[PDB]
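Okay, so here's the structure we're looking at.
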Amino acid sequence: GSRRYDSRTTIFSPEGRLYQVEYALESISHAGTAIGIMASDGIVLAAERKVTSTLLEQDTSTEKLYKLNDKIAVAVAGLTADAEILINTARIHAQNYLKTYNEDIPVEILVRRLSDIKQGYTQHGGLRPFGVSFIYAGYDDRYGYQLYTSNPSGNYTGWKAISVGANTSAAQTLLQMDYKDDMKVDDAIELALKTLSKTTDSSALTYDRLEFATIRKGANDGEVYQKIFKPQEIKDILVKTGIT
Amino acid sequence: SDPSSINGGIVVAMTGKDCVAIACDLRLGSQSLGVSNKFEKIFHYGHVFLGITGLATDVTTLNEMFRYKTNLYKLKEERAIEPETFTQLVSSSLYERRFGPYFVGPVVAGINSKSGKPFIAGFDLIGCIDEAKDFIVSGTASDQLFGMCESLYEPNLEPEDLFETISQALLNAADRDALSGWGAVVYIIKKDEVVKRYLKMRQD
Amino acid sequence: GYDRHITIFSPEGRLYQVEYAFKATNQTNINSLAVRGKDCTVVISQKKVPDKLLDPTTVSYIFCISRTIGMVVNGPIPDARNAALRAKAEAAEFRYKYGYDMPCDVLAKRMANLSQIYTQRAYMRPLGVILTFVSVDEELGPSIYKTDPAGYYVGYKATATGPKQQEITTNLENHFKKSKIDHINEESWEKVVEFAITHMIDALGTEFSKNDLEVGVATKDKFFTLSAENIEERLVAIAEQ
Amino acid sequence: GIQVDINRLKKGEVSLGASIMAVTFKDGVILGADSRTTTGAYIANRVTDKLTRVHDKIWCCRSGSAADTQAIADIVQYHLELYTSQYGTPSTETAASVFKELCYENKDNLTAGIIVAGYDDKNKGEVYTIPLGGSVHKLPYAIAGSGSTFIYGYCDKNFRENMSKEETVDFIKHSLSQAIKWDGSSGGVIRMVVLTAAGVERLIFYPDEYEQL
Amino acid sequence: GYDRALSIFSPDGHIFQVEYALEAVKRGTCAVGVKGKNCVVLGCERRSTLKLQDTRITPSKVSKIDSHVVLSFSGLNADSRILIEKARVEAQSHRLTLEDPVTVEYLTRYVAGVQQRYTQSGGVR
Amino acid sequence: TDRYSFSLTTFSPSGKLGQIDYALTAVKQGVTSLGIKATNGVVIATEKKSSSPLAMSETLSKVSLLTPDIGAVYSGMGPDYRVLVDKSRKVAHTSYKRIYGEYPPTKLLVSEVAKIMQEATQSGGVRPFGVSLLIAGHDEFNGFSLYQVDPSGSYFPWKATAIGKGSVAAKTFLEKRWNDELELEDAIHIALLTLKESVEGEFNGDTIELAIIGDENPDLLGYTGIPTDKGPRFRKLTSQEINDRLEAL
Amino acid sequence: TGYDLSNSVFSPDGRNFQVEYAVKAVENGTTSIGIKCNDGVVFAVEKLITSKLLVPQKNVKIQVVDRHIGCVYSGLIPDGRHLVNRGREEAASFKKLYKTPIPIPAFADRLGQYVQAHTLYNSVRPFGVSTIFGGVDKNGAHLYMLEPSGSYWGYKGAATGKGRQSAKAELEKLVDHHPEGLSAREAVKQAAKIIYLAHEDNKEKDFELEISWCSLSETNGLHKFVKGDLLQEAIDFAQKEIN
Amino acid sequence: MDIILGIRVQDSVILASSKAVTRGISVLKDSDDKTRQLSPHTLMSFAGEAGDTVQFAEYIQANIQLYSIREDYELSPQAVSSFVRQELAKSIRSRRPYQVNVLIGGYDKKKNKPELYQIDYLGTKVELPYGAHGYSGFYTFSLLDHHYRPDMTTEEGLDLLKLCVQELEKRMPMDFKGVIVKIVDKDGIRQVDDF
Amino acid sequence: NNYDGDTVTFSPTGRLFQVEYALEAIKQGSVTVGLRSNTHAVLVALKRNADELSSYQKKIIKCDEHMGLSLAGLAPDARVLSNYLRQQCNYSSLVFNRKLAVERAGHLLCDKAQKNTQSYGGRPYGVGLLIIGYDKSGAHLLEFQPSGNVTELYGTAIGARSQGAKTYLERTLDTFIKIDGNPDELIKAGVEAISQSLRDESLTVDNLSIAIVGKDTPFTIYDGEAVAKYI
Ligand SMILES: [Cl-]
Ligand SMILES: [Cl-]
Ligand SMILES: [Mg+2]
Ligand SMILES: [Mg+2]
Ligand SMILES: [Mg+2]
Ligand SMILES: [Mg+2]
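Just so you know, the sequences run in chain order A, B, C, D, E, F, G, H and I.
Under UniProt numbering, the first residue of the first sequence is numbered 2, with each subsequent residue one higher.
Under UniProt numbering, the first residue of the second sequence is numbered 2, with each subsequent residue one higher.
Under UniProt numbering, the first residue of the third sequence is numbered 11, with each subsequent residue one higher.
Under UniProt numbering, the first residue of the fourth sequence is numbered 3, with each subsequent residue one higher.
Under UniProt numbering, the first residue of the fifth sequence is numbered 3, with each subsequent residue one higher.
Under UniProt numbering, the first residue of the sixth sequence is numbered 2, with each subsequent residue one higher.
Under UniProt numbering, the first residue of the seventh sequence is numbered 6, with each subsequent residue one higher.
Under UniProt numbering, the first residue of the eighth sequence is numbered 1, with each subsequent residue one higher.
Under UniProt numbering, the first residue of the ninth sequence is numbered 4, with each subsequent residue one higher.
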């Protein structure tokens, strides 16, 4: 019957590894680099677009950075199509929580549930896993500013600064070197861009090949604002830090 | 036993010159017993306002439901929902429960941000849209409100004058209804500013 | 190489099972032809009865799908009948749901969409048949629409199907180059059938008796097949000119 | 009485109280019907067509609920069209069987008193009547509808087998004339449909003619 | 539904999928449990190749199942969350029907039962 | 019963999704199609590769209307495209119009189509769609827009682009000619020039299929009376209309 | 290659090798025939007597469908029974809805579509039987033969099994020598002879003859078994012809 | 019927609940506690249809305790009340609805404020300074309209509560066998043993 | 070889190997014999043990007061099929107040076994059965094989070395068929028949198993000291 054509996506190797999860991570390592840096007064999300064409519409485009709710955002690394399936689920889960408790969802709870969905695809169903790694950047009144990452295995961990996608080994070393705990948002913006500028496979880092976002408490008195940077705003912040 | 008149309450909406107004009473009761005098029946999602009369549990449930739906709308559309669109969303959602309906009398009010046109609309419990230039009424004193609005209303009222007309319509209607009153709130809505006023009314 | 066993892509972007389903089409070794008149649409096909023990009346590759639609198949009879039964059901359901007779081209699209599903879904194999639908549509007039195992379909001025399809095709192409029109300029369907048979004789290079052919004719409000004697009468007229 | 036939209808639905009949004769069969449709005492339609085609030469007379009979007749027409595509022309008996199957299996939810009439070449004219219960009864002629009660006496006394076309048309005309005269639920024009080897012929007769018979 | 028998016997009488799952446990960070006269202590390893971590929000290795029972683990981190969730639910369910919190043996028996069920159920590893 | 409840598309050791790559190879073989965005409109165009000269190429429509203000064209496997158009039209109603009483904006309809194509990449017992779509459309708040959709389910907005047989050369040609001040008529002119390079045989209104998303068309609406209803922005250019623009080429 | 390992898989020729492999199972089975006559049909079959311990007359292979259709088959006997069980359900639902007993052509397609359905998926095996069947309906007598592929046609005479070629040759002679027609009682006698002549291709074990028939005149349009004097009369006729 | 009251004061929430359980013409029990602790700083009293009341209360209690373990964090009284309301809002359109009315008294540790919520079996939630379910309200509401002040202490709240119970004991037809009083504040939940 | 992975696959010569491997399980099973006259039908079965400390595997199962069978091969599969027969016999009684015909019993088993040989996932039954019974048309003996083939016989035998008993019955056919109105003599003939399949071992008191059904005799099984008469 059909047994003949089954890849058996949810099994162990003799060494105790999940074949499909490992190969999905190999896929993700070729995707555009995404960096998250957490500061005391905000969070930065920076991401490199995959080899841009000059005729690509840049201003009305969304590839790397997505909004989950007013307090939480994610940076994507891997298959965009797969990420959007998970993003819409995460958006719905956040609204279910708000409907039930009349309170915005805590960041970890949203991350755990989204990570549990990925886990399910590695243990049962016979389907391929989602070829996606997220960087979650958000705020709540319990833990404040938070950075997480999840990968196709469904495992998630918290970070002060983290990179996903291509050249993470090189990127993580540079972040580990220059990062410190009493850092400000404006400094973290500069670190994120400098790190991408050195780890990039491109000749030079330009505004049209980037996506950028911040989560500050820079709004008026005790409230969080999400800023998804416009093309011109990236052009200005790139000149201001002396990269171009 | 009649879901629409256990808790009581009223909502009214009016248009003016480059503005709209929406007002409601504050009573929540259990038949004869008055229970709460802080129960507001008007909500808003962005710049679109929704008033809801009828069974209180459904008022609360529908507010939470349209907050849910308009939030997802905004994330996907990357813009705030407009009154004309929202009106259709309310109609769809109510008719989805055709044979097990929410016992409510909702009222939409707002100004379209693109065209600047004042907009109001009303519904029955299964989602029949009632569009109107002048005014929309809802609740246990709907008859009274229809009478007050028809006689007091005139077109193209200024925001300050419109406030007086809608407030007098609500107050005098509420005083002729046993299950409505116990306070009132009036929203005056201009293109890019919104004023909210609490009225002094008789507390019986 | 399991990519040649089920309907999934090969490295060069091909579906081999679909390609092999096309080769099953010619397994019967029968050629068909379809042309349009002014008021009618005529379809003809070869009839080969090798076994002497067969009841020749039951040997047929032409089907009456609805009152108005007729269908001729190139391919094995089990798959042919499978397609015929489904088309009959779909045509009947269409009339019940939408209050009017299913058009020839709409049915063709529906059967083509079904064929497409077999090329994408793994558990279902493609049918090894090519379905040629004919009618006189009340809106579009005389119509010929053809479906294949790939899920492809298109309308035709005229068409041919089978092993020696290309010879018949160019024979028809050369006629329409000469006549400068999209159809057979002829009043009665009788002479449109005579045209169809004549040009098949020229293309294939064989002569036909009454039992060597099978004919289907579509007119306004009815499609019907011709008996052996109806064809014999038609063959006499060709010989006497 | 007739009430428990009309007591079956759903509140407010269109009523097909009727004077319908089918009569076999020498050359085939003739179906006949009035044209009145009522909602209580208001005539919703005074020019209705209660004689409906389920196949070329298989027709039926409808009575009871307008909605139910229409829904049934549409399904039967669908079944017989699908039958014809696979097995060729169905018998009148086959058509009556499909009607029965729908009427019997849904006897609680339906109010449909149907007369089935058709012409075969082998079996000539045939008439099957299907009352409320969903039973089938093959007869030489059949009468049905609210107005039929008033013409049981007349039809039994006047019906003969192997009548001519003109005689059968007179028999149906005189009968339905009386049914219409006495039944308030029946009225309008008298439609008829003639089923023979020759083909299908539609006839109509207006009040000015049939009232003064 | 996906039905495939992934855990099956081999000629030598072994279930390789179960044994390969043990290799995943052998890869995981070390965990230790020592019980004294009036207490139990759970120790856990955390690998130090991960700097720039946020220890406030990073999932802890030891998890509370109820106010009186804890669970630590070694192996796949994502898998452990599913067992912990099921165990926490069963802990509340036991209080609800028996009007008494679970024993440590009972809670263990339940978790062990779940693990076993995944060794002879179709479509799962 | 369908026993294929498992994924036919899986990750290889190198991290490639084989079936998606092979589907993109099928798109490469397919006939060239392109799209160009102007200031006051959008144009989409393709070659009508006829299977036979006896075949009526008018009956086969490569450019399709999805909504009154949104149109689509493809490169790759025609049958796969056809069913996607059917599913795309229906989803525009079920998951949007029947809810909001209005047609969806381009980006969201594109998003729904992408979701369908993504599922064919992961669901049990199916292969990916062997097509790449170009979807042109207009809506009140976003204005004119042009999107590409790939077998993986990925979509990207474009100022102008081309897909299929001669896409590499066609994209280079468009980079030279495209500017942000292009009027609709200029974009149609450039589209025809770009397409002539990839076409080999006959080049006329009967062998070329071309549609636009431009101004509203009250005459094509079918009725009058409602002032707010002003007609479809999608219009398919006729055979004659194309030939007029080929003379002054 | 590997194209013959799974059902419903086309080979590069355009062939379904699994169906062709099922035909080999049919070719291995005992001989069975069908003869169309003036106003009906006759069926006959070879029953191999494996042992003295087999009870004579009490291992019936020919099966009736409804009251007017007879079915006989060669190959895997259980597969044939399964097919007849389906045929009986098909014939039952037809009569339930349409009142009239199922016509033979109508019945033939019901089986044809069912057998064809078993060449569409790899989760099922093709039928390991060729089935000869037919009867009398409103339009007269019909004889059919259905194969593992789902292919069927109308026949004047039909044969299948290990001695099919011998039987086919003998059938072709009857069609030539009797153009105006063959009678029902004659067809029974001929059926016996052809089975005996076809037994030459299976002559290790001796055999038992079994005949059935439908005829508008002789059986009143119903399916009956040939027994007693009429059976022995047909055996004696066959014995005289071989010698 | 059953008497359940609630009074929110400056720094605490006080819930009073009748002790009587009556079936037919017999008081089966006179020491019943009609409340469950949902979390260390959240208490829910209940009254309504027999069986349904305890089944519902314990079901909620289990769900809130499950949340506390999972997140190692206590849900706010506002969050708990919203969860409870939604469960009742689902219930009312079920095959067999929970006929239970509840009062949720809690102390929000983040806001440092006491909170009292009144929810009926339909899922009708209201935050109040004082609340009551059943026929009790017809006496206690007007009494509290007069005597209640927002800045009162816990001791003043208990005297205000005594005044309610006295009035109910005087004018109510049924003997409800006194009340069990519980206080919810910054230090958690405790019971007043002598009332 | 490549065509024996599952039951849904045909071999190039038209064989079903999974069905043939199921047939092989019967040959490994212990011998059992069946035979009948006109008045009575008899089952004789050689029971098998694991060792001297173990019991002897029961081979004969009762289906109704007038019917029962003996097994050879996978015993659990016989339990499934015998249970199905018990239900079918019982359905015939409750609904039609009718004792199930032995021929119909065979037809039902055939059709049940067949469905397992045409579908993916399942497997053929791994057991052969000998059904005996007495109905309205006298005594009957059937032989069931898991391919689906059921055959009515005067006598037969299945299991290991069954050819010896089958040859004996083929010689004795004319004798034992006429043993009418005499149970003990018909059993004796069956016990002598099964003895032709013995090697090294002989029939002992807890080894032999006999069953009988007839005209005025319900289906009854004899084991232990009750079969000492026939040694
Ligand atoms: Cl379709
Ligand atoms: Cl009507
Ligand atoms: Mg008042
Ligand atoms: Mg008052
Ligand atoms: Mg396939
Ligand atoms: Mg009248």
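By construction, the Cβ of each residue, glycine as well, lies at the ideal position given by its N, Cα and C atoms.
Listed by chain order, chain I residues near residue i by CB distance under 8 Å
i	result
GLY2 of chain A	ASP9, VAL11, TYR123 and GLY124
Proximal chain A residues relative to residue i, where beta-carbon distance stays under 7 Å
i	result
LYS53 of chain E	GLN177
Contacts of residue i in chain H (Cβ-Cβ under 7 Å)
i	result
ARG90 of chain E	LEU66, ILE69 and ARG70
Listed by chain order, chain E residues near residue i by CB distance under 8 Å
i	result
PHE142 of chain F	Correct list: empty, because the minimum Cβ distance to chain E is about 38 Å.
First and last residue of the uninterrupted beta strand (DSSP E) at residue i
i	result
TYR157 of chain I	No beta strand (DSSP E) holds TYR157 of chain I; DSSP gives it neither H nor E.
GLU161 of chain B	No beta strand (DSSP E) contains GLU161 of chain B, which is instead part of the alpha helix (DSSP H) from 160-175.
residue 4 of chain C	Outside the displayed span of chain C (11 to 251) sits residue 4 of chain C, for which this structure offers no information.
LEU250 of chain F	Taken as a continuous stretch (DSSP letters only), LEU250 of chain F belongs to no beta strand (DSSP E), as it is neither H nor E.
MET184 of chain A	Counting along the chain, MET184 of chain A falls outside any beta strand (DSSP E), and DSSP gives it neither H nor E.
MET15 of chain B	11-17
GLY145 of chain G	145-151
Residue range of the unbroken alpha helix (DSSP H) whose run includes residue i
i	result
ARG55 of chain D	First-last for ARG55 of chain D: 53-57, but that is the beta strand (DSSP E), not the alpha helix (DSSP H).
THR174 of chain A	169-179
Beta-carbon separation (whole angstroms), residue i vs residue j, contact threshold 8 Å
i	j	result
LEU15 of chain H	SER39 of chain H	Between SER39 of chain H and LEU15 of chain H the Cβ distance is about 15 Å, and since that is not below 8 Å, they are no contact.
Contact set between residue i and chain B, taken where Cβ atoms lie within less than 9 Å
i	result
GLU103 of chain F	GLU85, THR86 and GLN89
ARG99 of chain F	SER93
Cβ shell of residue i (< 6 Å), same chain only, five flanking positions each side left out
i	result
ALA116 of chain I	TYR128, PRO149 and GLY151
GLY161 of chain C	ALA122, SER125, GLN126 and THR129
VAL100 of chain D	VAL78 and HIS81
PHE164 of chain B	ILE189
Sequence-distant residues of its chain with Cβ nearer than 8 Å to residue i (five each side left out)
i	result
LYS232 of chain C	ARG77 and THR78
Residues near residue i by beta carbon distance below 7 Å, same chain, minus five either side
i	result
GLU64 of chain A	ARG50, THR81 and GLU212
Contacts of residue i in chain D (Cβ-Cβ under 9 Å)
i	result
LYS232 of chain C	None at all; the shortest Cβ gap to chain D is about 11 Å.
Using 8 Å as the cut-off, can you tell me whether the region 228-240 of chain A makes contact with the region 163-180 of chain B, which would need three or more C-beta pairs spanning the two stretches below that distance?
no
Would you call the region 133-150 of chain I and the region 163-181 of chain I touching, i.e. three or more CB-CB distances under 8 Å?
no
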